[PDB]
Amino acid sequence: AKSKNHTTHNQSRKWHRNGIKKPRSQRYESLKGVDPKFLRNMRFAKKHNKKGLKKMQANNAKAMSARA
Amino acid sequence: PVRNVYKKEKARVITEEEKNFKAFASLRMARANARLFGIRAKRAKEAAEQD
Amino acid sequence: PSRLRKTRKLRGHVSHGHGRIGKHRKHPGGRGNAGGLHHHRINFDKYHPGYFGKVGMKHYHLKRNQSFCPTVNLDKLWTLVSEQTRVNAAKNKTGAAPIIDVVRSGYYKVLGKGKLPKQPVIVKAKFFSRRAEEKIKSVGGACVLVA
Amino acid sequence: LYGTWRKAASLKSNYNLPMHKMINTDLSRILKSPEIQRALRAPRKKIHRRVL
Amino acid sequence: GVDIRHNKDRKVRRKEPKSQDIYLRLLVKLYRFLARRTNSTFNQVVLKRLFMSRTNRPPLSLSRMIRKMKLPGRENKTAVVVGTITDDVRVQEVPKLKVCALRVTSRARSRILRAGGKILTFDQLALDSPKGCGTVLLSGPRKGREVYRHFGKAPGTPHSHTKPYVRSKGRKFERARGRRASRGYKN
Amino acid sequence: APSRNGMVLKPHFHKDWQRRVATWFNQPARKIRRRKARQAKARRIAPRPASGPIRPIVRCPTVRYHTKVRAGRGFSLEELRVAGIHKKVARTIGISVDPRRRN
RNA sequence: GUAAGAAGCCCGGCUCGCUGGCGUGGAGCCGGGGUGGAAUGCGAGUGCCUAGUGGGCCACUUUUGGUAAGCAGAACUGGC
RNA sequence: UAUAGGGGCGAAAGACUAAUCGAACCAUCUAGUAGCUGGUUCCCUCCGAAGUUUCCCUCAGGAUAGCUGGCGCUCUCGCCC
RNA sequence: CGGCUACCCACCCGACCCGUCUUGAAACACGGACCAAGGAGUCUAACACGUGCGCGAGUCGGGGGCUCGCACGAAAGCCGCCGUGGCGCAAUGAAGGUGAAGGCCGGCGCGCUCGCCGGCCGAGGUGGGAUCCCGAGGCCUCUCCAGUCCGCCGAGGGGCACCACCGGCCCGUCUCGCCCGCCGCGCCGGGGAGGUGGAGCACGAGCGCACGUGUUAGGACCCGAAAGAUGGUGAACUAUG
RNA sequence: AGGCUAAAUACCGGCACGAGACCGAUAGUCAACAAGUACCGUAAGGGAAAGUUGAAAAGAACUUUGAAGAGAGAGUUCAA
Ligand SMILES: [Mg+2]
Ligand SMILES: [Mg+2]
Ligand SMILES: [Mg+2]
Ligand SMILES: [Mg+2]
Ligand SMILES: [Mg+2]
Ligand SMILES: [Mg+2]
Ligand SMILES: [Mg+2]
Ligand SMILES: [Mg+2]
Ligand SMILES: [Mg+2]
Ligand SMILES: [Mg+2]
Ligand SMILES: [Mg+2]
Ligand SMILES: [Mg+2]
Ligand SMILES: [Mg+2]
Ligand SMILES: [Mg+2]
Ligand SMILES: [Mg+2]
Ligand SMILES: [Mg+2]
Ligand SMILES: [Mg+2]
Ligand SMILES: [Mg+2]
Ligand SMILES: [Mg+2]
Ligand SMILES: [Mg+2]
Ligand SMILES: [Mg+2]
Ligand SMILES: [Mg+2]
Ligand SMILES: [Mg+2]
Ligand SMILES: [Mg+2]
Ligand SMILES: [Mg+2]
Ligand SMILES: [Mg+2]
Ligand SMILES: [Mg+2]
Ligand SMILES: [Mg+2]
Ligand SMILES: [Mg+2]
Ligand SMILES: [Mg+2]
Ligand SMILES: [Mg+2]
Ligand SMILES: [Mg+2]
Ligand SMILES: [Mg+2]
Ligand SMILES: [Mg+2]
Ligand SMILES: [Mg+2]
Ligand SMILES: [Mg+2]
Ligand SMILES: [Mg+2]
Ligand SMILES: [Mg+2]
Ligand SMILES: [Mg+2]
Ligand SMILES: [Mg+2]
Ligand SMILES: [Mg+2]
Ligand SMILES: [Mg+2]
Ligand SMILES: [Mg+2]
């Protein structure tokens, strides 16, 4: 009652029935896995960007609109 | 025989410091007092025992 | 509808929708949840994780009756009383506030959400959350505990 | 027993008349109205059959 | 043989609406005529949404239909919804905007008529805008359906966050082997 | 035996449920029987009203249903003594008497 | 296997509780400038439900065991 | 006349026990279960495989993935790039 | 006269007897003498998905009641201070329990890796994103003038559905830190900043009905056993007293 | 640690009754009929097949072949 054990015949033809797909697109890539000390940098940097970017960038926009 | 009584109490003015005293902490303080009522009595009995 | 059933459409095919080779006879894999640990672990696991074992305490004679506390939100806190009532009670009259008694509506515990306007009310309930209590203090209402 | 769309039914407690999907539903009147025929492309009745 | 390519004959599409509603078929006829005779891609998309199923047309809500017109540039525009606009318990004030939807609920219609807005139907929307000018087409929360929260690669293999089927959401039901590290494995 | 992603089922049909099937085919029959029973009661018994004895105002023992009210069973002998009438005289007047209900 | 661009370059400026001789470095955020960046062909992405299948064989070429087999067992491709 | 079924009887062959005996006959549970043979009922149109990975007291079977069909949704083109 | 045709015959060519188990059937593989009737995926419950309908943050009378005694009426109509109740609108914990809003401006405490007061907006931001809006400019038999008219558009803006990422809030554990309150100052409660696990929130879409597919329990696509138990009938054959 | 009591509930046995999106003599109960009958086994027990003339019997008087079964004429009936 010996049977055929293992083969990879008729496998690439099944693979190319659907055109094997790259993930091909991740705009603004996934962030998990990166260094937790770098995350402790980046989250506080982002929320203080939300806090204190207003007036200096506003005056810089006024200055660059006056210059050009 | 139902007679579902309907109390309304529609008009009253905003009042004194009941609104400053009836906060969330009263329920937690009452819960902690009900959970630690008897152990304080045991500690009072032990304080009376230890002279 | 047997005339809409697939069986009337499949009259003429020999094996009748179940193959000549595999031969689905009576019960090929078992019955019900057979082999939950032995040979169907890729179906019981990977589709129902957590299914095997004990988890916690065993509260004997439990009822879903003592822990009865329907939660009302601050969005649902207004329409228990009609809109005519709150308009004619907060149409710039005086410092009086209407009373919304959620125990009459059947809801016991008041929880917090957003969308609570400036016009203050008085809420009588058996329980509160600190978030909803701070929202009532922020809009200027009165938090009243009842039994 | 049923009412109009202004009031509710006075005999049935929680019933109102259904919502009317197309109010003025004369499709020939709509398609021959000047408001629709103001914004039509052109009557294109050429056939352009197979040329041997 | 000619084509070595696979025979994928029909693409995906639903041509005729499967609903046998006579009023829906009349709206399909009218907006099909407008979509093929007015060069209006708004009429194209509204005709496709009338071809769309009952389930894939989610019910719009009154607070969302306010907030999509609260944005600057949507003051004098009309809100066109292929679907139902329902009541919301959350909001208190309703603006003076116009509504063009199918099968608006009774409390929503009552509050719009109290606020002073104007509700319409699709035949009146077609008579007022054949090309669809002055309109904003809206859609509703499809992914917030209870059915779509069971859909994923797995219930728990990269923990997968996708809600396995069970009777009672609580203790003793699917919480032991694969849900905690003390009992066997953990996801 | 199981399949693709679906809820685990434990149906209680292993016991021979085919013998013990009770289906309400006599549900309009019981409806007509009980209509005739009520009408024959109102004919034959008395000009006493239907649901003859009067039921008390009674609160429901729970943390759940005690906000509501209920028609009870009987008038709680201390209450009947304060009302000032005899027990079986009250039962013949139409007062429902339950000796167990406290106050 | 990777790259053959607008998701890419360049300039100016804020934030950081990361780092630190230094406005040093690195990440994030904001504003602006120019899209003609190998060939060929094709209109693409994505969600749900499920049957059958889970005994294979043959042929060129590369091979394992056997003296060899219409023998047993592998790789690519094609066919039954 | 007595011994009646896991019982009887046996100068012992596991032989006999109503043409059936290495556990009689009749009825009921019972339509016992079977991964195992056989069969499975009108037409036309369209698409269309696999005998492979892993796991199982698994090797005639099942679960999973792959292959497949159906139902759609989101867009793109018809008017020097 | 013409006629395809379930009529018969001849001629040329091709043509092994169907169904299945199988890699392989015409097989020296199995079932089939012939014919007529019957004969095999049904039904219930539960779940999931898709579709259609009504109502829609609600939905549903299936449980009863009301009508005069009506064949069809074992139907149908109504209840609403009959919504008790099921599902959903809130989850997280084994549990005690707890429980989903933030943003902007001005002032103060050393705007302090730091809390408070007054006013305003209100479910955040980024890159895509059908559609929509504004619009330089161009074009209709001779000149200035015009209104709708024939008529697209570089560029710009607001941005459904959903996608990808960041940030925010809720619960349970983990780390580090200071403050507040007294129906009573205590091994009392609450709050802060980070990294986590959850079937969560981040303007909710469910309920009921019906149909289709699939799975499970029921005899369950049809037929099939060696076996087990329960209760009775036989020594007219045979075996022994 | 003594006791009774109608009610709403169940009823594939029985007596009478009504209805059917059910079957229509290989179906429906085994049994539309002299059906638990014929018949089988010592016994417990097993257990069938089997409806239809015509409106009315008016069921073909009479002649003839044959011993009769049967046949050829004649007749009844809308139709042998
Ligand atoms: Mg194999
Ligand atoms: Mg087939
Ligand atoms: Mg096989
Ligand atoms: Mg199978
Ligand atoms: Mg061809
Ligand atoms: Mg093909
Ligand atoms: Mg299967
Ligand atoms: Mg059984
Ligand atoms: Mg199948
Ligand atoms: Mg080989
Ligand atoms: Mg071999
Ligand atoms: Mg070939
Ligand atoms: Mg011997
Ligand atoms: Mg021997
Ligand atoms: Mg013998
Ligand atoms: Mg034996
Ligand atoms: Mg035996
Ligand atoms: Mg069977
Ligand atoms: Mg059997
Ligand atoms: Mg194997
Ligand atoms: Mg086989
Ligand atoms: Mg599979
Ligand atoms: Mg597919
Ligand atoms: Mg396909
Ligand atoms: Mg085969
Ligand atoms: Mg073979
Ligand atoms: Mg063959
Ligand atoms: Mg043979
Ligand atoms: Mg044969
Ligand atoms: Mg034969
Ligand atoms: Mg037949
Ligand atoms: Mg559905
Ligand atoms: Mg309720
Ligand atoms: Mg045994
Ligand atoms: Mg016995
Ligand atoms: Mg004898
Ligand atoms: Mg002898
Ligand atoms: Mg007693
Ligand atoms: Mg009784
Ligand atoms: Mg017959
Ligand atoms: Mg018979
Ligand atoms: Mg007769
Ligand atoms: Mg005739």
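Structure: see above.
Described below are features of the structure shown in this document.

### Thoughts on the overall build of chain D
Thinking step 1. Check the secondary structure of chain D and you find two helices and zero strands.
Thinking step 2. Relative to the globule expectation of 10 Å for 52 residues, the C-alpha radius of gyration of chain D, 23 Å, shows a markedly less compact shape.
Thinking step 3. By its C-alpha atoms, chain D is 75 × 25 × 15 Å across when sized along the principal axes.
Thinking step 4. Here chain D holds 52 residues, and 15% of them are scored as buried.
Thinking step 5. As presented, chain D carries roughly 5200 Å² of accessible surface, and 52% of it is formed by carbon and sulfur atoms.

### Side note on the overall build of chain E
Thinking step 1. A count of helical and extended segments in chain E gives five helices and six strands.
Thinking step 2. The dimensions of chain E, computed from C-alpha atoms along their principal axes, are 65 × 65 × 35 Å.
Thinking step 3. Counting only contacts in chain E whose residues sit at least 6 apart along the sequence, the fraction spanning at least 24 positions is 50%.
Thinking step 4. Summing over all exposed atoms, chain E offers an accessible surface of approximately 12300 Å²; the carbon and sulfur share of this is 49%.

### Thoughts on the interface of chain D and chain E
Thinking step 1. Listed by partner, the interface residues are 20 residues for chain D and 23 residues for chain E.
Thinking step 2. In total, chain D and chain E occlude about 2000 Å² of area from one another, counting both sides; carbon and sulfur atoms represent 68% of this.
Thinking step 3. For chain D, the biggest contributors to the area lost against chain E are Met19, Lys21 and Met22 of chain D; these three give 33% of the whole.
Thinking step 4. Put simply, chain D and chain E have one salt bridge between them.
Thinking step 5. The closest approach of N and O atoms between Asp21 of chain E and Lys21 of chain D, which form a salt bridge, is 3.8 Å.
Thinking step 6. Scanning the region where chain D abuts chain E turns up four residue pairs in polar contact.

### Thoughts on the sheet that holds strand β6 (residues 127-128) of chain C
Residues and elements named next belong to chain C.
Thinking step 1. One open sheet accounts for three strands, arranged β1-β4-β6; its pairing is parallel. Each edge of the sheet is formed by a strand with only one pairing partner; in this case those strands are β1 (71-72) and β6.
Thinking step 2. Sheet topology note: the strand β4 (residues 109-110)/β6 ladder contains two bridges and is parallel. Paired with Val110 across the two strands is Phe128, which belongs to β6.

### Describing the arrangement of the chains
Thinking step 1. Most contacts, among the seven pairs of chains that meet, fall between chains D and E.
Thinking step 2. Note that chain A does not reach chain B: the shortest distance linking a C-alpha of one to a C-alpha of the other is 31 Å.

### Topic: the pairing of strand β5 (residues 122-125) of chain C
Remember that side chains alternate between the two faces of the sheet whenever the strand is regular.
Residue and element names in this part refer to chain C.
Thinking step 1. The alternating pattern of β5 places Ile122 and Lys124 on one face and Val123 and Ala125 on the opposite face, and all of these are buried.
Thinking step 2. The pairing of strand β3 (residues 99-101) with β5 spans three bridges and is classified as parallel. Of the residues in β5, the one forming a bridge with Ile100 is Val123.
Thinking step 3. In terms of strand pairing, β5 meets strand β7 (residues 142-145) through four bridges, oriented parallel. When the bridges of β7 are listed, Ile122 appears paired with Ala142.

### As for the nonpolar core
Thinking step 1. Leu30, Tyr31, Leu50 and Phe122 of chain E are the most contacted members of the largest nonpolar core, which totals 24 residues.
Thinking step 2. Of all the secondary structure elements, the ones that give two or more residues to this core are α1 (27-31) of chain D together with α1 (22-37), α2 (41-51) and α5 (122-128) of chain E.
Thinking step 3. Per-element tally for this core: the top contributor is α1 of chain E, with seven residues.
Thinking step 4. Setting aside chain neighbours within four positions, we find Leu50 of chain E in contact with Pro17, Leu24, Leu27, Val28, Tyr31, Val82, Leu102 and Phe122 of chain E.

### Some remarks on the protein's contact with RNA strand I
Thinking step 1. The local shell around RNA strand I holds 144 residues, among which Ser63, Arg64 and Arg149 of chain E together with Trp17 and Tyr65 of chain F are the closest.
Thinking step 2. Of all atoms in RNA strand I that approach within 4 Å of the protein, 75% are sugar or phosphate atoms.
Thinking step 3. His27 of chain C places a polar side-chain atom, nitrogen or oxygen, 3.4 Å from a phosphate oxygen of RNA strand I.
Thinking step 4. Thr86 of chain E is positioned with one of its side-chain polar atoms (N or O) 2.8 Å from a base nitrogen of RNA strand I.
Thinking step 5. In terms of residue count, the dominant contributor to the surface near RNA strand I is helix α1 (residues 27-44) of chain F (eight residues).
Thinking step 6. Here the residues of the surface near RNA strand I are counted per class, giving 39 nonpolar, 41 polar and 64 charged.

### Quick notes on a nonpolar patch on the surface
Residue and element names in this part refer to chain D.
Thinking step 1. On the surface, a cluster of nonpolar side chains totalling about 430 Å² of accessible area is made up of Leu1, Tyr2, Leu11 and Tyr15.
Thinking step 2. Examined against the element boundaries, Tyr15 turns out to sit in the segment before α1.
Thinking step 3. Look at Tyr15 and you get partly exposed, because its relative accessible area is 32%.

### Looking at the packing of aromatic side chains
Thinking step 1. Overall, the coordinates contain eight aromatic pairs over all chains when judged by the stated rule.
Thinking step 2. Taking the centre distance of 6.3 Å and the plane angle of 65 degrees together, the rings of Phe44 of chain C and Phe52 of chain C count as edge-to-face.
Thinking step 3. In this structure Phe44 of chain C comes out as buried when scored by relative accessible area, which is 4%.
Thinking step 4. In this structure an aromatic cluster arises from ring pairing among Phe44, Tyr51 and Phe52 of chain C.
Thinking step 5. A cation over an aromatic ring shows up here: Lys12 of chain D above the ring of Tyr15 of chain D, its NZ or CZ 5.6 Å from the ring centre.
Thinking step 6. Of note, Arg30 of chain F hangs over the ring of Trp24 of chain F, and the distance from its end group to the ring centre comes to 3.8 Å.

### Examining the pattern of salt bridges
Any two side chains of opposite charge can pair, so long as their charged atoms come close to each other.
Thinking step 1. The full count for this structure, using the stated rule, is 11 salt bridges over all chains.
Thinking step 2. Note that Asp75 of chain C is salt-bridged to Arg90 of chain E, the shortest N-O span being 4.0 Å. Placement of the pair is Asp75 of chain C in the loop between β1 and α3 (83-89) and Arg90 of chain E in the loop between β3 (85-86) and β4 (98-101), with the two residues belonging to separate chains.
Thinking step 3. One salt-bridge network, held together by shared partners, links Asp87, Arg107 and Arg111 of chain E.

### Details of the sheet that holds β3 of chain C
All names here are of chain C.
Thinking step 1. With parallel pairing, three strands are arranged side by side in an open sheet as β3-β5-β7. The strands lining the two open edges of the sheet, one partner per strand, are β3 and β7. Put simply, the sheet's adjacent strands are angled 20 degrees from each other on average, direction ignored.

### As for the interface of chain C and chain E
Thinking step 1. The partner chain E presents 21 residues to the 21 residues of chain C that form the contact.
Thinking step 2. Both sides together, the interface formed by chain C and chain E hides about 1900 Å², and carbon and sulfur atoms give 58% of it.
Thinking step 3. Contact with chain E buries surface across chain C, with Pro49, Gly50 and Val55 of chain C losing the most and accounting together for 29% of the total.
Thinking step 4. In this structure, the connection of chain C to chain E is made through one salt bridge.
Thinking step 5. When the residues that make up the side of chain C that touches chain E are grouped by side-chain class, the tally is eight nonpolar, four polar and nine charged.

Here is what the cut-offs are and how they apply
- Residues numbered from 1 in each chain as written, not as in the entry; some residues may be left out.
- Chains lettered and ligands numbered in written order.
- Part of a larger assembly, values for the part shown.
- Heavy atoms only, no water.
- Helix = DSSP H or I, 4+ residues; strand = E, 2+ residues; numbered from the N terminus.
- Rg over C-alpha atoms; globule rule 2.2 N^0.38 Å.
- Buried < 20%, exposed > 50% of the residue type's maximum accessible area, 1.4 Å probe, protein only.
- Areas by Shrake-Rupley, 256 points an atom, 1.4 Å probe, with all protein chains shown as cover.
- Contact = heavy atoms within 4.5 Å.
- Buried area = accessible area lost by both parts, 1.4 Å probe.
- Salt bridge = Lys/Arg side-chain N within 4 Å of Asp/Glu carboxyl O.
- Polar contact = N/O pair within 3.5 Å; in protein donor to acceptor, adjacent residues only side chain to side chain.
- Pairing = 2+ DSSP bridges.
- Core = buried A, V, L, I, M, F, W, Y, C linked by side-chain atoms within 4.5 Å.
- Near = heavy atom within 4 Å.
- Nonpolar A, V, L, I, M, F, W, Y, C, P; charged D, E, K, R; others polar.
- Patch = residues over 30% accessible without salt bridge, like charges linked within 9 Å, V, L, I, M, F, W, Y side chains within 5 Å.
- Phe/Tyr/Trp six-rings, centres within 6.5 Å; stacked < 30°, edge-to-face > 60°.
- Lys NZ or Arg CZ within 6 Å of the ring centre and 35° of its normal.
- Axes fitted to C-alpha atoms, helices over the stretch in contact; angles between N-to-C directions.

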